[PDB]
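Secondary and tertiary structure notes
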Amino acid sequence: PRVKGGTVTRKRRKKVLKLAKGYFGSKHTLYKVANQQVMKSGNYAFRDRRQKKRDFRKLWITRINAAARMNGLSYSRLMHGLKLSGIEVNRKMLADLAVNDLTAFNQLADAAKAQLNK
Amino acid sequence: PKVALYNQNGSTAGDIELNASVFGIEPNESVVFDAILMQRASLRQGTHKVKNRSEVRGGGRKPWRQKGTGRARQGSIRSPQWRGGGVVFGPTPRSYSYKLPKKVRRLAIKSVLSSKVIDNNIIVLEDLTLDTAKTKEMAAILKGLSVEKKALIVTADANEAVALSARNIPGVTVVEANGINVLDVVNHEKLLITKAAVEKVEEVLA
Amino acid sequence: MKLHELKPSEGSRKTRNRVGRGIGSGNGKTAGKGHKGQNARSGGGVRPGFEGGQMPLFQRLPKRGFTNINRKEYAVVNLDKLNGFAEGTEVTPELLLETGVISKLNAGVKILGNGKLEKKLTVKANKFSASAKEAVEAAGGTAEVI
Amino acid sequence: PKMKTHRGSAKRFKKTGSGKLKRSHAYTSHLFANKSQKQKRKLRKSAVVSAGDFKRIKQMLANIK
RNA sequence: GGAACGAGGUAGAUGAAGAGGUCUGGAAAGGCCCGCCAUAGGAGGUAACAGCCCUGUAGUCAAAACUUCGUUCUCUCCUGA
RNA sequence: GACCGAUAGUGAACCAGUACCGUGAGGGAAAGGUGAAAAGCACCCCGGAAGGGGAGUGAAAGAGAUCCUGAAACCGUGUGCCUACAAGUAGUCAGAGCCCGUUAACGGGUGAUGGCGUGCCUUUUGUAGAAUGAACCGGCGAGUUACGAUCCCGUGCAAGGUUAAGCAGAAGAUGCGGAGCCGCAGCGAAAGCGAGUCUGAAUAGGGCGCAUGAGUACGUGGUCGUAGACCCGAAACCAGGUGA
RNA sequence: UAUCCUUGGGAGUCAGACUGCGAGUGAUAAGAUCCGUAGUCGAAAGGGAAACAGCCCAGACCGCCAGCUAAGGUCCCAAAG
RNA sequence: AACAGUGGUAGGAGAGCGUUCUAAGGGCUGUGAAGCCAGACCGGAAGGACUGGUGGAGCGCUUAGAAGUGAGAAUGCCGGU
Ligand SMILES: [K+]
Ligand SMILES: [K+]
Ligand SMILES: [K+]
Ligand SMILES: [K+]
Ligand SMILES: [K+]
Ligand SMILES: [K+]
Ligand SMILES: [Mg+2]
Ligand SMILES: [Mg+2]
Ligand SMILES: [Mg+2]
Ligand SMILES: [Mg+2]
Ligand SMILES: [Mg+2]
Ligand SMILES: [Mg+2]
Ligand SMILES: [Mg+2]
Ligand SMILES: [Mg+2]
Ligand SMILES: [Mg+2]
Ligand SMILES: [Mg+2]
Ligand SMILES: [Mg+2]
Ligand SMILES: [Mg+2]
Ligand SMILES: [Mg+2]
Ligand SMILES: [Mg+2]
Ligand SMILES: [Mg+2]
Ligand SMILES: [Mg+2]
Ligand SMILES: [Mg+2]
Ligand SMILES: [Mg+2]
Ligand SMILES: [Mg+2]
């Protein structure tokens, strides 16, 4: 029996074009360039899901350093102080304190400072 | 195994012993599967063909010179990448039939008959004699025997009166003892065999 | 079995491999033939036993022997086969052929002396091995050549 | 169509009981002055086809019993 | 070369049984509830998918004329141990 | 009919060997569908007409003659968000603001700004490559079939296994058909001998075998042989014709 | 520590590249050429060397707005003296 | 359950998705089938549903079988733009 091309080809390509909504010009309209961009977007999305975890850690460290230097400590020494005091609060939470509850952050910073002066 | 021996009316006239060598064996499912595929393949007509690039009309000359035109090089307007061109491969007339070993054939039919007995779908009649060809008569007989879905009727010899009475009823097939076969028996839910026909079938298989 | 509940015996059937149907199949693109060269071409490859121009093995070696027109082949029967028969039977080639002990007569039946025979038989055959003749006679039988 | 036996090979090989191929030795035609008697004694005997070569040419002798 | 007869081919004939009730619907052949014919439940068509609406089908018949085959008869021919 | 269903199937579903092309031999297309029924839009309005807007017919006119369905490229109209200091393989991750409200989901649309980031394919030691291929969209377009060989797997029987043609039968199953084929015994070039046999002067040694045994029929799958043999592509060769 | 061998089925490969080390050819030139030896690439994404197949660190089944380290770094671009 | 592993070209092996047709069961459909057009749903992937719009008569599902069975590239062929 003969198998006509049928509707399978159009269905598959439409799915890709729907994933390409919002792409510029032909990249949301033409299957080949759309297909390339959707494939390329896949590699980028994977890469960036791993880069996300570095960018936010980078952001937290920057914020902690600013708040630390408001207590007369560099980030290096603050983190060393916390480790000596056994504090396991991570940089996401330290950054949160620095921004949302600065008094709490200073308490942790003072704890670190005690250990450093020991 | 023992089964009830009926008459056309539908009353039980006691029982009858079927030969265990034919109706009592453990159905070999694997050989039944093969028997069914083999038979259905043997029914295939296999009359299908396409035209390859040699058979398609025209296409002799080279569409254009090999070099210089800037077109892809082509050899014939009936190449398989051309619209209208020859098909690459595709259906060609062939037969699908093949043969199983005789013993596998016998094992298949024995398995299928013994399976009928396991499901209580084997109706044995003292005899089946119709006075005249009359579909009404046959339909009444089948209702008497509580035959609802398809049924295969197996007579010992050519029974013209029965064949004509049952010909027109959907899903009711009439067969001589010689003509019984795996696909027919498996297809039809009930097996109405006559006592005379049972011995003829046993004679061959046993 | 039901026509709507058919199952093949496990491992009796496999699905054919279809090459050149995309990357994910693993036989996409080059369809298992690697890259270029004679072996990858359609109807490619050299003839059986060709060695690239190195002299083929068969041509390096010398022909041997001849075929005898009058070559006789005997349907051989060992003593263990005769043991299947009953005592007092005269085992002729006609009896052997009918009972299916031998499939084909060829130039005749030859009895050979492999195995044991514990039955008195009147073996009639075209040829006997020295061992077979002794063994048939040793068990009280007769080994008549015919 | 039936596969055709390689007739040149049929004249050169012979199947053994276990399906190996028996062959003659090369260097057994002439120039025997240039070969030591030890070589000649040994080349006179038959040999078996190697595993490497057997797989290359097994199909050429398929029809041979 | 000629008759008689038989079976065919080249047109045709006849041919059973539900507008069943009801529900949607432009339109029932469909759904639901009931029947009936069948040697006929092949098929096509009919306002949606029909064994019971039409042409049909199974079955049984039909040829002025032409044509094919067959069997008998006529006719023709014929000694061999 | 486990054949095609309008790029398919005949080149030709249609006024097709036609149109067209060629001096000629010759080559050689494209092109199906209103509706159940023309009931094929009376009449009115704009217009020279075409084409429209009503009104009627119809179940439907968003079925009105290239008249079933009507995808994508492509061309437009309206606007919710953004856009005139910006360096862009155009996305992706982060992210306010504004606008919406879903297959109700740690929702949808847009995206100021930040980080990262040189298409796809082929061919290559190595290609973002300034090496090759693709204007775009759609359809079509490439390991198949027959017959043999071999291996794995499955099944039947098993020192046995199996029929071919053919004859009966639904173009079937099946029944009959044992001719033939493979295996159970091998060794030798052969005569021949035979669990041995060949070499040899040899009860010697050694080779190949046996003792240390499973084959066969059918089916599926892998590969191979012969066939165009995975598909496309030469420059040429030959044969018969057509042209001064 | 968990490979190795025999038999059989199916392959692909025969253009290699650079880096370190031991040599030849060359001029103790070449991103040159030809071998030995180890690695990486080829067929390997991630981090570093500004960019940079072959160098340094290290092997991506997948998610996380968690942590510790490698090479390399910590004045600003740009995480950290 | 524990432990271990899970980059990959040529290539080998396994398990699947989907398309057309057939058989057998069981269904859907004029109270609207296929196709087409949306959507924020589902599955590990190929993919599968549900709802609404269009459409106006055919089509799924389960098991098995058979293949003209899957396209983005061939200066591919044809059509449209
Ligand atoms: K190459
Ligand atoms: K169409
Ligand atoms: K295209
Ligand atoms: K002339
Ligand atoms: K390579
Ligand atoms: K609707
Ligand atoms: Mg296609
Ligand atoms: Mg031709
Ligand atoms: Mg691969
Ligand atoms: Mg290539
Ligand atoms: Mg040479
Ligand atoms: Mg009538
Ligand atoms: Mg009638
Ligand atoms: Mg309709
Ligand atoms: Mg056509
Ligand atoms: Mg219609
Ligand atoms: Mg190069
Ligand atoms: Mg090139
Ligand atoms: Mg180009
Ligand atoms: Mg170099
Ligand atoms: Mg690369
Ligand atoms: Mg890993
Ligand atoms: Mg640290
Ligand atoms: Mg900094
Ligand atoms: Mg195809």
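If you check the header, you'll see the entry was determined by cryo-EM and the resolution is listed as 2.9 Å.

**Side note on the overall build of chain D**
Regarding its fold elements, chain D presents three helices and three strands. For chain D, the sequential pattern of α-helices and β-strands runs α-β-β-α-β-α. Computed over the C-alpha atoms, the radius of gyration of chain D is 14 Å, more than 25% above the 11 Å expected from 2.2 N^0.38 for a compact globule of 65 residues. Its C-alpha atoms give chain D principal-axis dimensions of roughly 50 × 20 × 20 Å. Taking contacts inside chain D between residues at least 6 apart in sequence as the whole, the part at least 24 apart equals 55%. Here chain D has roughly 5,100 Å² of accessible surface; of this, 54% comes from carbon and sulfur atoms.

**Structural notes on the interface of chain B and chain C**
Across the contact, 11 residues belong to chain B and seven residues belong to chain C. Taken together, the connections running from chain B to chain C amount to zero salt bridges. Our enumeration of links across chain B and chain C arrives at zero residue pairs in polar contact. Elements with a minimum of two residues in the side of chain B that touches chain C: helix 2 (29-43) and helix 6 (182-187) of chain B. Looking at which element gives the most residues to the side of chain B that touches chain C, the answer is helix 2 of chain B, with six residues.

**Considering helix 4 (residues 135-144) of chain B**
Residues and elements named next belong to chain B. Along helix 4, the residues that are buried comprise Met-138, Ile-141 and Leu-142. Around the axis of helix 4, the buried residues are gathered within 95° of arc, so they sit on the same side. Projecting away from the buried face of helix 4 at angles above 90 degrees are the exposed residues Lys-136 and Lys-143. The elements touched by buried residues of helix 4 are strand 4 (151-155), helix 5 (160-167), strand 5 (172-176) and strand 6 (190-194).

**Quick word on the protein's contact with RNA strand E**
All names here are of chain B. RNA strand E sits among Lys-134, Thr-135, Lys-136, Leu-164, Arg-167, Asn-168, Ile-169 and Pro-170. Atoms of RNA strand E within 4 Å of the protein: sugar and phosphate make up 63%, bases the balance. In this structure, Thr-135 approaches RNA strand E through a main-chain N or O atom, which is 2.8 Å from a phosphate oxygen. At a separation of 2.9 Å, a phosphate oxygen of RNA strand E approaches a polar side-chain atom of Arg-167. Those elements that place two or more of their residues in the surface near RNA strand E are helix 4 and helix 5.

**Observations regarding the sheet that holds strand 1 (residues 14-15) of chain D**
Residue and element names in this part refer to chain D. As summarised here, the arrangement of the three strands in space is 1-2-3, forming an open sheet in which the pairing is antiparallel. A single partner strand is all that each edge strand has here, and the edge strands are strand 1 and strand 3 (47-48). As paired strands, strand 1 and strand 2 (residues 21-23) are joined by two bridges and run antiparallel to one another. From the neighbouring strand, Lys-15 faces strand 2, where its bridge partner is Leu-21.

**Here we look at the sheet that holds strand 5 of chain B**
Adjacent strands of a sheet pair through backbone hydrogen bonds, lying either parallel or antiparallel. All names here are of chain B. Across the sheet, which stays open at both edges, the six strands sit in the order 2-1-3-6-4-5 with mixed pairing between neighbours. At either end of the open sheet lies a strand with only one pairing partner, and these are strand 2 (12-17) and strand 5. Sheet twist, expressed as the mean angle between neighbouring strand axes with direction ignored, is 30°. The sheet strands contacting helix 3 (residues 102-118) are strand 1 (2-6), strand 3 (122-125) and strand 6, and the helix crosses strand 6 at an angle near 105°. In the packing of helix 7 (residues 195-205) onto the sheet, contacts are made with strand 1, strand 2, strand 3, strand 4 and strand 6, and the angle to strand 6 comes to roughly 95°.

**Things to note about the nonpolar core**
By size, the foremost hydrophobic cluster in this structure holds 35 residues, and its most contacted members are B:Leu113, B:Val124, B:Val182, B:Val185 and B:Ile193. Excluding residues within four positions of it along the chain, B:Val185 makes contact with B:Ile109, B:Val112, B:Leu113, B:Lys116, B:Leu152, B:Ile180 and B:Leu191.

**Section: the protein's contact with RNA strand G**
Residues and elements named next belong to chain A. Looking at RNA strand G, there are 24 residues lining it, with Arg-49, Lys-53, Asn-65, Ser-76 and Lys-92 nearest. Put simply, 88% of the atoms of RNA strand G that lie within 4 Å of the protein are in sugar or phosphate. Between RNA strand G and the protein, one listed contact pairs a phosphate oxygen with a side-chain N or O atom of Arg-49 at 2.5 Å. Between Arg-50 and RNA strand G, the recorded distance is 2.9 Å, taken from a side-chain N or O atom to a phosphate oxygen. Contributing elements (two or more residues each) for the surface near RNA strand G: helix 2 (31-69), helix 3 (75-84) and helix 4 (91-100). The greatest single-element share of the surface near RNA strand G, amounting to 14 residues, is contributed by helix 2. Partitioning the surface near RNA strand G into residue classes produces five nonpolar, eight polar and 11 charged.

**Comments concerning the pairing of strand 1 of chain B**
Residue and element names in this part refer to chain B. Here strand 1 runs beside strand 2; their pairing, made up of four bridges, is antiparallel. Bridge pairing links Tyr-6 to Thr-12 in strand 2. From the end of strand 1 to the start of strand 2, which pair antiparallel, there are five residues, and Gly-10 there has a positive phi angle of about 115°.

What counts as what
- Here the residues of each chain are numbered from 1 in the order the sequence is written, which can differ from the numbering of the entry; residues without coordinates are not included.
- Both sets of labels track the order of writing: A upward for chains, 1 upward for ligands.
- In this view, a larger assembly is represented only partially, and all stated values concern the represented chains.
- Excluding hydrogens and water, the side-chain values take into account all heavy atoms of the structure.
- The helix count covers DSSP runs of H or I at least four residues long, the strand count covers runs of E at least two residues long, and both are numbered beginning at the N terminus.
- Using C-alpha atoms as the atom set, the radius of gyration is obtained and then compared with a globule rule of 2.2 Å times the number of residues to the power 0.38.
- Note on contacts: a residue pair qualifies if any of its non-hydrogen atoms lie within 4.5 Å across the two residues.
- Only the protein chains shown count as cover for residues, and the accessible areas themselves come from Shrake-Rupley with a 1.4 Å probe.
- Whenever a carboxyl oxygen of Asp or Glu lies within 4 Å of a side-chain nitrogen of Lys or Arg, that contact is scored as a salt bridge.
- Throughout this description, a polar contact denotes any pair of N or O atoms lying within 3.5 Å of each other; where both atoms belong to protein, one of them has to be capable of donating a hydrogen while the other can accept it, and for residues adjacent in sequence the pair is counted only when both atoms sit in side chains.
- Three exposure classes are used, based on accessible area relative to the maximum for each residue type with a 1.4 Å probe and protein chains only: buried under 20%, partly exposed in between, and exposed over 50%.
- This arc is built from the directions going out from the helix axis to the C-beta atoms.
- Here a residue is near a molecule or strand as soon as one of its heavy atoms is found within 4 Å of it.
- Pairing between strands requires that DSSP locate at least two bridges from one strand to the other.
- Here, axes are lines fitted to C-alpha atoms. For helices the fit covers the stretch in contact, and angles between N-to-C directions go from 0 to 180 degrees.
- Throughout this description, the term nonpolar core refers to a set of buried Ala, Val, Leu, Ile, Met, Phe, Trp, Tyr and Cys residues connected via side-chain atoms within 4.5 Å.
- All residues other than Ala, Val, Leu, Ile, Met, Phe, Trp, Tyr, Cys, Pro, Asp, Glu, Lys and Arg, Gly among them, are scored as polar; the first ten of these are nonpolar and the last four charged.

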